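Engineer: Below is run.cif; it holds mmCIF, C-alpha atoms and all ligand atoms.
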data_coords
loop_
_atom_site.label_atom_id
_atom_site.label_comp_id
_atom_site.auth_asym_id
_atom_site.auth_seq_id
_atom_site.Cartn_x
_atom_site.Cartn_y
_atom_site.Cartn_z
CA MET A 1 -14.81 45.40 284.43
CA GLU A 2 -12.70 45.79 287.58
CA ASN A 3 -10.75 49.08 287.61
CA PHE A 4 -12.47 50.35 284.47
CA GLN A 5 -15.61 52.42 284.17
CA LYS A 6 -17.12 51.85 280.74
CA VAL A 7 -17.75 55.15 278.98
CA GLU A 8 -19.02 53.97 275.59
CA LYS A 9 -18.99 51.06 273.18
CA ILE A 10 -16.64 51.96 270.35
CA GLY A 11 -17.71 49.01 268.26
CA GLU A 12 -17.68 45.30 267.54
CA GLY A 13 -14.04 44.63 266.77
CA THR A 14 -12.58 41.93 264.56
CA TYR A 15 -11.69 39.93 267.67
CA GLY A 16 -14.19 41.29 270.17
CA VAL A 17 -16.06 44.18 271.77
CA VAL A 18 -14.17 47.43 272.23
CA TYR A 19 -15.10 50.04 274.81
CA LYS A 20 -13.87 53.53 275.57
CA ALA A 21 -13.15 53.27 279.32
CA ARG A 22 -11.65 55.22 282.21
CA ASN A 23 -9.13 53.77 284.64
CA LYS A 24 -10.84 54.38 287.99
CA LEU A 25 -7.41 54.68 289.61
CA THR A 26 -5.35 56.75 287.14
CA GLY A 27 -8.25 58.49 285.45
CA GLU A 28 -6.62 57.78 282.11
CA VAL A 29 -9.06 57.17 279.24
CA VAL A 30 -8.27 54.13 277.10
CA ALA A 31 -9.69 51.70 274.53
CA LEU A 32 -10.41 48.30 276.06
CA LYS A 33 -10.75 45.29 273.78
CA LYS A 34 -12.32 42.07 275.05
CA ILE A 35 -10.92 39.20 272.97
CA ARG A 36 -12.78 35.94 272.35
CA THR A 37 -12.52 31.14 273.53
CA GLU A 38 -11.93 28.42 276.12
CA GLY A 39 -8.37 28.76 277.39
CA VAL A 40 -6.49 31.17 275.12
CA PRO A 41 -3.13 29.90 273.71
CA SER A 42 -0.04 30.97 275.66
CA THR A 43 1.93 31.50 272.45
CA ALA A 44 -0.52 34.30 271.70
CA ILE A 45 0.13 35.68 275.18
CA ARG A 46 3.91 35.73 274.78
CA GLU A 47 3.59 37.19 271.30
CA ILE A 48 1.08 39.87 272.22
CA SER A 49 3.08 40.81 275.31
CA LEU A 50 6.07 41.40 273.04
CA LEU A 51 4.11 44.13 271.22
CA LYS A 52 4.09 46.21 274.42
CA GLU A 53 7.66 47.11 273.45
CA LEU A 54 6.73 48.11 269.91
CA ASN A 55 6.47 51.84 270.71
CA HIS A 56 6.40 54.58 268.05
CA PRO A 57 4.52 57.88 267.66
CA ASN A 58 2.59 56.50 264.71
CA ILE A 59 1.67 53.18 266.36
CA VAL A 60 -1.30 53.02 268.77
CA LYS A 61 0.31 52.12 272.08
CA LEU A 62 -0.53 48.79 273.67
CA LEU A 63 -0.71 49.67 277.38
CA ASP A 64 -1.45 46.26 278.84
CA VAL A 65 -2.38 42.68 278.10
CA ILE A 66 -4.55 40.91 280.70
CA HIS A 67 -5.56 37.24 280.50
CA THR A 68 -8.20 36.10 283.01
CA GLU A 69 -11.36 33.96 283.22
CA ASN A 70 -10.99 32.70 279.62
CA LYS A 71 -11.05 36.34 278.52
CA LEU A 72 -8.16 38.30 277.05
CA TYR A 73 -8.22 42.07 277.43
CA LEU A 74 -6.03 44.46 275.51
CA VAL A 75 -5.68 48.01 276.77
CA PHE A 76 -4.76 50.60 274.17
CA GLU A 77 -4.06 54.31 273.97
CA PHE A 78 -7.36 56.03 272.99
CA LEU A 79 -7.80 58.25 269.90
CA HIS A 80 -11.09 59.96 269.08
CA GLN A 81 -11.58 59.03 265.45
CA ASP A 82 -10.64 56.52 262.76
CA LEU A 83 -9.82 57.26 259.10
CA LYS A 84 -12.84 55.40 257.74
CA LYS A 85 -15.21 57.72 259.59
CA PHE A 86 -13.03 60.71 258.63
CA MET A 87 -13.10 59.79 254.94
CA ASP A 88 -16.88 59.38 255.05
CA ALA A 89 -17.14 62.80 256.71
CA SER A 90 -14.85 64.33 254.05
CA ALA A 91 -16.55 62.61 251.10
CA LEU A 92 -18.26 65.68 249.61
CA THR A 93 -15.20 67.91 249.71
CA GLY A 94 -12.36 65.40 249.87
CA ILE A 95 -9.37 65.31 252.21
CA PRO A 96 -6.97 68.14 251.15
CA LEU A 97 -3.89 66.76 249.35
CA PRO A 98 -1.49 68.21 251.97
CA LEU A 99 -3.30 66.20 254.64
CA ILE A 100 -3.43 63.05 252.51
CA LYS A 101 0.33 63.44 252.00
CA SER A 102 0.96 64.03 255.72
CA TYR A 103 -1.09 60.99 256.66
CA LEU A 104 0.60 58.76 254.08
CA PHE A 105 4.04 59.96 255.20
CA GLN A 106 3.29 59.24 258.89
CA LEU A 107 1.81 55.82 258.11
CA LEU A 108 4.95 54.92 256.12
CA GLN A 109 7.09 55.97 259.12
CA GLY A 110 5.01 53.66 261.30
CA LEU A 111 5.35 50.80 258.83
CA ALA A 112 9.10 51.39 258.45
CA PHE A 113 9.47 51.17 262.22
CA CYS A 114 7.39 47.98 262.58
CA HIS A 115 8.99 46.31 259.58
CA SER A 116 12.52 47.05 260.83
CA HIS A 117 11.52 45.17 264.01
CA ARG A 118 10.15 42.25 261.99
CA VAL A 119 6.53 42.94 262.81
CA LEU A 120 3.81 42.87 260.12
CA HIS A 121 0.29 44.22 260.40
CA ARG A 122 -1.33 42.03 257.70
CA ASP A 123 -4.81 43.56 257.95
CA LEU A 124 -4.50 47.29 257.35
CA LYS A 125 -7.71 49.20 256.59
CA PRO A 126 -9.05 52.71 257.14
CA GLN A 127 -10.82 51.68 260.32
CA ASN A 128 -7.47 50.57 261.83
CA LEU A 129 -5.90 53.99 261.23
CA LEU A 130 -6.65 56.39 264.10
CA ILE A 131 -6.38 60.18 264.10
CA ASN A 132 -6.35 63.05 266.59
CA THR A 133 -6.87 66.81 266.50
CA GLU A 134 -3.14 67.48 266.22
CA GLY A 135 -2.80 66.04 262.75
CA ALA A 136 -1.30 62.73 263.84
CA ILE A 137 -2.38 59.34 262.43
CA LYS A 138 -1.52 56.00 264.01
CA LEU A 139 -1.63 52.34 263.02
CA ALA A 140 -3.79 50.18 265.28
CA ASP A 141 -3.67 46.42 265.83
CA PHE A 142 -0.13 45.86 264.53
CA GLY A 143 0.94 42.27 265.17
CA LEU A 144 -2.44 40.93 266.29
CA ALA A 145 -3.07 38.90 263.11
CA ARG A 146 0.09 36.86 263.74
CA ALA A 147 -0.80 36.26 267.38
CA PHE A 148 -4.45 35.28 266.85
CA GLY A 149 -5.30 34.00 263.38
CA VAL A 150 -7.43 34.28 260.24
CA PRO A 151 -10.45 36.68 260.30
CA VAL A 152 -13.25 35.61 257.93
CA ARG A 153 -16.07 36.73 260.25
CA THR A 154 -15.96 38.97 263.32
CA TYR A 155 -17.42 37.62 266.56
CA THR A 156 -20.71 39.22 265.48
CA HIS A 157 -20.68 37.40 262.12
CA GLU A 158 -19.71 40.64 260.37
CA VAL A 159 -17.91 40.13 257.07
CA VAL A 160 -14.12 40.53 256.96
CA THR A 161 -13.18 43.17 254.39
CA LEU A 162 -10.94 41.96 251.59
CA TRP A 163 -10.56 45.35 249.90
CA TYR A 164 -7.02 45.93 251.07
CA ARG A 165 -5.69 42.38 250.71
CA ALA A 166 -2.47 41.94 248.67
CA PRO A 167 -2.68 39.61 245.64
CA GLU A 168 -0.15 37.15 247.00
CA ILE A 169 -2.45 36.52 249.97
CA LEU A 170 -5.43 36.02 247.63
CA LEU A 171 -3.35 33.58 245.54
CA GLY A 172 -2.67 31.43 248.59
CA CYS A 173 0.90 32.34 249.51
CA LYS A 174 1.61 30.77 252.89
CA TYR A 175 4.33 33.18 253.98
CA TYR A 176 3.50 36.89 254.19
CA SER A 177 6.15 39.54 253.74
CA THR A 178 6.27 43.22 254.70
CA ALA A 179 5.05 43.92 251.17
CA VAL A 180 1.49 43.00 252.14
CA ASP A 181 1.31 46.16 254.28
CA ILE A 182 2.63 48.41 251.53
CA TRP A 183 -0.09 47.04 249.22
CA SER A 184 -2.83 47.79 251.73
CA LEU A 185 -1.50 51.30 252.32
CA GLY A 186 -1.35 51.94 248.56
CA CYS A 187 -5.04 50.95 248.38
CA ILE A 188 -5.87 53.35 251.22
CA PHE A 189 -3.81 56.17 249.62
CA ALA A 190 -5.84 55.74 246.39
CA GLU A 191 -9.12 55.78 248.33
CA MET A 192 -8.20 59.00 250.15
CA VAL A 193 -7.48 60.64 246.77
CA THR A 194 -10.48 59.42 244.81
CA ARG A 195 -12.98 59.10 247.63
CA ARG A 196 -13.95 55.61 246.50
CA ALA A 197 -12.37 52.27 247.40
CA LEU A 198 -9.88 51.12 244.78
CA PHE A 199 -10.76 47.38 244.79
CA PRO A 200 -14.03 46.77 246.67
CA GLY A 201 -14.36 43.03 246.23
CA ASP A 202 -17.23 41.18 247.85
CA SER A 203 -15.61 37.73 247.59
CA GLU A 204 -12.03 36.46 247.28
CA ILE A 205 -12.36 35.86 243.58
CA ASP A 206 -14.16 39.17 243.00
CA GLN A 207 -11.33 40.89 244.91
CA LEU A 208 -8.67 39.19 242.80
CA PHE A 209 -10.45 39.88 239.52
CA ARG A 210 -11.04 43.56 240.39
CA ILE A 211 -7.27 43.83 240.90
CA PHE A 212 -6.61 42.04 237.60
CA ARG A 213 -9.10 44.24 235.69
CA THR A 214 -7.28 47.39 236.73
CA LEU A 215 -3.63 46.36 236.89
CA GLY A 216 -3.79 43.60 234.27
CA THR A 217 -3.80 39.84 234.85
CA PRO A 218 -0.32 39.04 236.18
CA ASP A 219 2.06 36.82 234.24
CA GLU A 220 5.57 35.43 234.53
CA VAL A 221 7.05 38.59 232.99
CA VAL A 222 5.75 40.98 235.64
CA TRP A 223 5.55 38.47 238.48
CA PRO A 224 8.05 35.60 238.23
CA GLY A 225 6.53 32.58 239.96
CA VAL A 226 2.91 33.74 239.97
CA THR A 227 1.71 30.82 237.81
CA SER A 228 3.01 28.37 240.44
CA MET A 229 1.11 29.93 243.33
CA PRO A 230 -1.30 27.70 245.32
CA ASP A 231 -4.52 29.27 244.10
CA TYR A 232 -3.40 30.39 240.64
CA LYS A 233 -5.50 28.97 237.79
CA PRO A 234 -4.49 29.01 234.10
CA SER A 235 -8.18 29.69 233.43
CA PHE A 236 -8.02 33.18 234.97
CA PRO A 237 -9.27 35.67 232.35
CA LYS A 238 -6.45 37.77 230.83
CA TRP A 239 -7.21 41.48 231.27
CA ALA A 240 -5.03 44.28 229.93
CA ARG A 241 -3.52 46.76 232.40
CA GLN A 242 -5.15 50.23 232.66
CA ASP A 243 -3.38 53.61 233.06
CA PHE A 244 -2.99 55.16 236.55
CA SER A 245 -3.97 58.46 235.02
CA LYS A 246 -7.37 56.77 234.82
CA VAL A 247 -7.06 55.01 238.20
CA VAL A 248 -6.48 57.90 240.57
CA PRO A 249 -7.24 61.12 238.72
CA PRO A 250 -6.40 63.87 239.24
CA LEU A 251 -3.39 62.86 241.36
CA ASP A 252 -0.10 64.29 239.97
CA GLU A 253 2.77 62.25 238.49
CA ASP A 254 4.75 62.11 241.77
CA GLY A 255 1.70 60.59 243.47
CA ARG A 256 0.92 58.20 240.60
CA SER A 257 4.57 57.11 240.50
CA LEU A 258 4.60 56.29 244.21
CA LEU A 259 1.27 54.53 244.04
CA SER A 260 2.46 52.44 241.08
CA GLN A 261 5.43 51.29 243.13
CA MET A 262 3.26 50.42 246.16
CA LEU A 263 1.04 48.30 243.90
CA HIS A 264 3.65 46.31 241.96
CA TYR A 265 2.43 42.67 241.71
CA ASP A 266 5.75 41.01 242.64
CA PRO A 267 6.10 41.41 246.43
CA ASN A 268 9.84 41.59 245.87
CA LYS A 269 9.52 44.52 243.49
CA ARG A 270 7.03 46.39 245.66
CA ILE A 271 8.58 49.47 247.26
CA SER A 272 9.55 49.24 250.95
CA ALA A 273 8.24 51.73 253.52
CA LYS A 274 11.77 53.10 253.94
CA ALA A 275 12.26 53.70 250.24
CA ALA A 276 8.75 55.15 249.90
CA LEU A 277 9.64 57.81 252.51
CA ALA A 278 12.40 59.01 250.15
CA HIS A 279 10.09 59.29 247.12
CA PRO A 280 9.92 62.77 245.46
CA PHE A 281 6.17 62.87 246.29
CA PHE A 282 7.15 63.83 249.83
CA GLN A 283 9.41 66.75 248.86
CA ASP A 284 6.82 69.27 250.07
CA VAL A 285 5.22 67.28 252.84
CA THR A 286 3.91 69.25 255.85
CA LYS A 287 1.73 68.47 258.87
CA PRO A 288 -1.68 70.19 258.55
CA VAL A 289 -4.40 69.89 261.18
CA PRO A 290 -7.60 68.09 260.19
CA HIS A 291 -11.02 69.65 260.67
CA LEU A 292 -12.33 67.36 263.39
CA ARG A 293 -15.71 67.83 265.05
CA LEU A 294 -15.85 65.47 268.02
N1 LIG B 1 -7.70 52.78 270.38
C1 LIG B 1 -8.83 53.42 269.98
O1 LIG B 1 -9.04 54.54 270.41
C2 LIG B 1 -9.71 52.80 269.09
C3 LIG B 1 -9.78 51.37 269.07
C4 LIG B 1 -10.66 50.66 268.17
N2 LIG B 1 -10.70 49.38 268.19
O2 LIG B 1 -10.14 48.70 269.17
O3 LIG B 1 -11.29 48.70 267.23
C5 LIG B 1 -11.48 51.42 267.27
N3 LIG B 1 -12.28 50.81 266.44
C6 LIG B 1 -12.44 51.26 265.03
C7 LIG B 1 -13.90 51.61 264.77
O4 LIG B 1 -14.70 50.48 265.03
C8 LIG B 1 -11.41 52.83 267.28
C9 LIG B 1 -10.54 53.55 268.17
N4 LIG B 1 -10.50 54.88 268.16
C10 LIG B 1 -11.24 55.77 267.21
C11 LIG B 1 -12.71 55.83 267.58
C12 LIG B 1 -13.71 55.53 266.66
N5 LIG B 1 -15.04 55.54 266.95
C13 LIG B 1 -15.37 55.87 268.24
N6 LIG B 1 -16.61 55.88 268.55
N7 LIG B 1 -14.48 56.18 269.21
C14 LIG B 1 -13.16 56.15 268.87
#
Starting from the coordinates I provided, produce the structure as structure tokens.
Structural biologist:
Amino acid sequence: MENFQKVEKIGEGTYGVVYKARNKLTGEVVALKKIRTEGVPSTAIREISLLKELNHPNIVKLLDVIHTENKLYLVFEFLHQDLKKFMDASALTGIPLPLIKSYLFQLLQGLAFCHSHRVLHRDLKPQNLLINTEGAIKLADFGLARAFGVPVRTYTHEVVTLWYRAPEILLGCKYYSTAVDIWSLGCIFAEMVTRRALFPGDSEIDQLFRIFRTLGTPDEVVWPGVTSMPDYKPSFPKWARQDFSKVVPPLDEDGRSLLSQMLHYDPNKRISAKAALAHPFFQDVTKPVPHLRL
């Protein structure tokens, strides 16, 4: 790197290597992503550059976008931990409900902001949610999916996780709506509460069938138009829906009600981030500080 001293490798991103680095000139510490191939589309450049204006306290700030020598670098605000690691570290005891509620509330604010500006994330997962010692949580990588493309396998051949993918995406819908993000967040909310992934599919069909086994195989009554979707097959097994009381115990009725609305099959019925913020579940929301050992 030029003006960046590499501090540590944070990981093997979905697009490329990510390093914690220090700007030799400003001394600021940032996350530096090196994106993959042989030219880099300009549309992606214009689109990514636009995200530099998408600023919100619950959105990881994109500081700069640099395209050079067939490489694309993205410079982001640095946070010390991600929610996946935090959940693993809180597995034995569980994240306290007040903190789960604070995190969900902040994430919904972030989604409401992005959605109002017509920006979708499309690939939300615990590892893309970053946290600090002050109790804040932020969405990382908003808008990248639209500017780059389909995942499938990271640059290191790692497998793309399908656990948080909305059913309309799995059924081949070509146009994504803001509802795909609400679905992913509902899945994450459930996982924070139960300490186990809600739908851990290991293939696209396993992912879809895990969803059907819990929420029931969708039909025209609950999801008008589902039988006409690209990948829908009349041969899909017909599973009965299960009760949320069994899905995310021992979450209370306000929590189960909100989760049920974030997981409605019909993208048009699925609650918006804005409406979710007004749900009674958040009546007593607060902002606790997590126990973070860095
Ligand atoms: N912007 C960032 O600070 C950041 C960026 C990415 N990323 O660009 O992928 C990331 N990857 C998720 C984990 O692979 C994690 C981040 N922060 C939390 C963190 C986690 N683990 C270490 N070791 N250090 C920091």
Engineer: Given only C-alpha atoms and all ligand atoms, how would the per-residue table for chain A near ligand LIG 1 (chain B) read, listing every residue at most 8 Å away with its closest atom pair and distance in Å to one decimal, sorted by chain and number, as a Markdown table?
Structural biologist:
| residue | atom | partner | partner_atom | distance |
| --- | --- | --- | --- | --- |
| A:8 | CA | B:LIG1 | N6 | 7.7 |
| A:9 | CA | B:LIG1 | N6 | 7.1 |
| A:10 | CA | B:LIG1 | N6 | 4.3 |
| A:11 | CA | B:LIG1 | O4 | 4.7 |
| A:12 | CA | B:LIG1 | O4 | 6.5 |
| A:13 | CA | B:LIG1 | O3 | 4.9 |
| A:14 | CA | B:LIG1 | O3 | 7.4 |
| A:17 | CA | B:LIG1 | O2 | 7.9 |
| A:18 | CA | B:LIG1 | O2 | 5.2 |
| A:19 | CA | B:LIG1 | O2 | 7.6 |
| A:20 | CA | B:LIG1 | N7 | 6.9 |
| A:30 | CA | B:LIG1 | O1 | 6.7 |
| A:31 | CA | B:LIG1 | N1 | 4.7 |
| A:32 | CA | B:LIG1 | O2 | 6.9 |
| A:33 | CA | B:LIG1 | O2 | 5.8 |
| A:60 | CA | B:LIG1 | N1 | 6.6 |
| A:76 | CA | B:LIG1 | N1 | 5.3 |
| A:77 | CA | B:LIG1 | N1 | 5.3 |
| A:78 | CA | B:LIG1 | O1 | 3.4 |
| A:79 | CA | B:LIG1 | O1 | 3.9 |
| A:80 | CA | B:LIG1 | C14 | 4.3 |
| A:81 | CA | B:LIG1 | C10 | 3.7 |
| A:82 | CA | B:LIG1 | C10 | 4.6 |
| A:85 | CA | B:LIG1 | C12 | 7.6 |
| A:127 | CA | B:LIG1 | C6 | 5.0 |
| A:128 | CA | B:LIG1 | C6 | 6.0 |
| A:130 | CA | B:LIG1 | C10 | 5.6 |
| A:131 | CA | B:LIG1 | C10 | 7.3 |
| A:140 | CA | B:LIG1 | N1 | 6.9 |
| A:141 | CA | B:LIG1 | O2 | 7.6 |
Engineer: I'd like the neighbourhood of residue 255 in chain A as JSON, numbers by chain, where a residue qualifies if any of its atoms comes within 10 Å (using all atoms listed in the file), though same-chain residues fewer than 6 positions away should be ignored.
Structural biologist: {"A": [101, 189, 190, 193, 244, 248, 279, 280, 281, 282]}
Engineer: By how many Å are CA of residue 241 in chain A and CA of residue 228 in chain A apart?
Structural biologist: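 That distance, rounded to one decimal, is 21.1 Å.
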Engineer: May I have the residues within 7 Å of residue 163 in chain A as a compact mmCIF listing (two decimals) with C-alpha atoms, in the coordinates of the input, using all atoms listed in the file and disregarding those fewer than 6 positions away in the same chain?
Structural biologist:
# COMPACT_ATOMS: atom_id res chain seq x y z
CA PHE A 199 -10.76 47.38 244.79
CA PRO A 200 -14.03 46.77 246.67
CA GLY A 201 -14.36 43.03 246.23
CA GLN A 207 -11.33 40.89 244.91
Engineer: Counting all atoms listed in the file, figure out which residue out of A:268, A:55, A:109, A:5 gets nearest to residue 222 in chain A.
Structural biologist: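 Using all atoms listed in the file, the shortest distance to residue 222 in chain A belongs to A:268.
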Engineer: Hey, what's within 8 Å of residue 129 in chain A if we count only C-alpha atoms and toss same-chain stuff fewer than 5 positions away? As a list in words, please?
Structural biologist: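 After dropping sequence-adjacent residues, the list is residues 82, 83, 84, 124, 137, 138, 139 and 140 of chain A.
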Engineer: Smallest atom-to-atom distance to residue 224 in chain A: which of A:172, A:266, A:122, A:276, using only C-alpha atoms?
Structural biologist: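 Using only C-alpha atoms, the shortest distance to residue 224 in chain A belongs to A:266.
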Engineer: Pick out the residues sitting within 9 Å of range 173-185 of chain A, and hand them over as a short mmCIF file (atom, residue, chain, number, x, y, z; two decimals) with C-alpha atoms, in the coordinates of the input; count all atoms listed in the file, and ignore anything fewer than 2 positions along from it in its own chain.
Structural biologist:
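So the final result, stored in out_38.cif, reads:
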data_model
loop_
_atom_site.label_atom_id
_atom_site.label_comp_id
_atom_site.auth_asym_id
_atom_site.auth_seq_id
_atom_site.Cartn_x
_atom_site.Cartn_y
_atom_site.Cartn_z
CA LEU A 104 0.60 58.76 254.08
CA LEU A 107 1.81 55.82 258.11
CA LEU A 108 4.95 54.92 256.12
CA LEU A 111 5.35 50.80 258.83
CA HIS A 115 8.99 46.31 259.58
CA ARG A 118 10.15 42.25 261.99
CA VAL A 119 6.53 42.94 262.81
CA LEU A 120 3.81 42.87 260.12
CA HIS A 121 0.29 44.22 260.40
CA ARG A 122 -1.33 42.03 257.70
CA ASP A 123 -4.81 43.56 257.95
CA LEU A 124 -4.50 47.29 257.35
CA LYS A 125 -7.71 49.20 256.59
CA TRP A 163 -10.56 45.35 249.90
CA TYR A 164 -7.02 45.93 251.07
CA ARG A 165 -5.69 42.38 250.71
CA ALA A 166 -2.47 41.94 248.67
CA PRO A 167 -2.68 39.61 245.64
CA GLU A 168 -0.15 37.15 247.00
CA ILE A 169 -2.45 36.52 249.97
CA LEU A 170 -5.43 36.02 247.63
CA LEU A 171 -3.35 33.58 245.54
CA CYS A 187 -5.04 50.95 248.38
CA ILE A 188 -5.87 53.35 251.22
CA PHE A 189 -3.81 56.17 249.62
CA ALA A 190 -5.84 55.74 246.39
CA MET A 229 1.11 29.93 243.33
CA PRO A 230 -1.30 27.70 245.32
CA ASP A 231 -4.52 29.27 244.10
CA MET A 262 3.26 50.42 246.16
CA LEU A 263 1.04 48.30 243.90
CA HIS A 264 3.65 46.31 241.96
CA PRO A 267 6.10 41.41 246.43
CA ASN A 268 9.84 41.59 245.87
CA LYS A 269 9.52 44.52 243.49
CA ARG A 270 7.03 46.39 245.66
CA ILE A 271 8.58 49.47 247.26
CA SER A 272 9.55 49.24 250.95
CA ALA A 273 8.24 51.73 253.52
#
Engineer: Quick one: distance from CA of residue 243 in chain A to CA of residue 89 in chain A in Å, one decimal?
Structural biologist: 28.9 Å
Engineer: Quick one: everything within 9 Å of residue 216 in chain A, counting all atoms listed in the file, minus sequence neighbours fewer than 5 positions away in the same chain. Send it as a list in words.
Structural biologist: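 Result of the neighbour search: residues 211, 238, 239, 240, 241 and 242 of chain A.
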Engineer: Can you tell me how far CA of residue 217 in chain A sits from CA of residue 234 in chain A, in Å to one decimal?
Structural biologist: 10.9 Å
Engineer: Nearest to residue 41 in chain A: which of A:72, A:285, A:275, A:25 is it, counting only C-alpha atoms?
Structural biologist: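 Using only C-alpha atoms, the shortest distance to residue 41 in chain A belongs to A:72.
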Engineer: Ranking A:103, A:148, A:212, A:232 by minimum distance to residue 35 in chain A and counting all atoms listed in the file, which one comes first?
Structural biologist: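 Once distances to residue 35 in chain A are computed over all atoms listed in the file, the minimum belongs to A:148.
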Engineer: Pick from A:38, A:204, A:191, A:134: nearest to residue 161 in chain A, with all atoms listed in the file counted?
Structural biologist: A:204
Engineer: Quick one: of A:254, A:2, A:265, A:152, who's nearest to residue 208 in chain A, counting all atoms listed in the file?
Structural biologist: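 When distances to residue 208 in chain A are compared using all atoms listed in the file, the smallest one comes from A:265.
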